[PDB]
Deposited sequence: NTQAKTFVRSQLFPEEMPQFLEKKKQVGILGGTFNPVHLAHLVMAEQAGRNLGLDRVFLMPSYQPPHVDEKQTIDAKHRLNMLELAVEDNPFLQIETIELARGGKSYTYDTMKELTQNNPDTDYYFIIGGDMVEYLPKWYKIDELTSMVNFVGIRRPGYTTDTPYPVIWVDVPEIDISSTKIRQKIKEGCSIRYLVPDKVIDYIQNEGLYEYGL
């Protein structure tokens, strides 16, 4: 009757193999029906929203099990996760949402806006690591091999002309190089 859907949030600037492993392992190990990669809005701070989404589409293109949730992108401003999750549950009242975060983030949970309303609204899912676990917050946990790739390391490897093969999907690399992204 009700669907089980994971949500993985991030800047995805760019998407890299750590996002895919995290999203596929979390969702498949728990038995979820799908995982959505949910890019956050980033203000002109002076790439583009289209390039991040293009890259994210190329990345999950051959995988019916991973998909793109664009609601935060479409809002044209910063969002609190409560407001995002309030509208998505209102849109999909038949969905149990599983909101996936890394073991290294469960500490800052009390610093989330309306974190209390939010935990009643979604199922929080932690990625085990070394932190122990043992959180007073209603988190369930799942094992993911840890992949120490972040999108800020990818951009400066690119900025410095270092290899990113295997760290970032072949198509995504290809899009980056053929669009001049992150060069400077």
>> In sequence order, which parts of the deposited sequence are missing C-alpha coordinates?
In response: 1-22, 69-73, 157, 213-214
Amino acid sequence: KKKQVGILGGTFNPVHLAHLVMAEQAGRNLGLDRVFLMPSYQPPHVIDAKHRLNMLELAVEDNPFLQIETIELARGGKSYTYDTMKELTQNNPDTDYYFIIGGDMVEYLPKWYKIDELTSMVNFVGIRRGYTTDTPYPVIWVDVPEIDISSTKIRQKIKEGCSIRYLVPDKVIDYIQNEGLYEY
From here on, numbers count along this sequence of modelled residues.
> Should the higher mean CA B-factor in the entry be assigned to 54-62 or to 134-142?
Replying inline: 134-142
> Out of 36-44 and 23-31, which one has CA B-factors that are higher on average in the deposited record?
Replying inline: 36-44
>> Between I68, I154, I115, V122, which one tops the list for Cα B-factor in this entry?
In response: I115
> Going by what the PDB entry lists, where does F99 fall on CA B-factor within its chain: lowest, middle or highest third?
Replying inline: lowest
>> Going by the CA temperature factor in the PDB record, which third of the chain does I127 belong to: lowest, middle or highest?
In response: lowest
> In terms of the CA temperature factor given in the entry, to which third of its chain does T84 belong: lowest, middle or highest?
Replying inline: middle
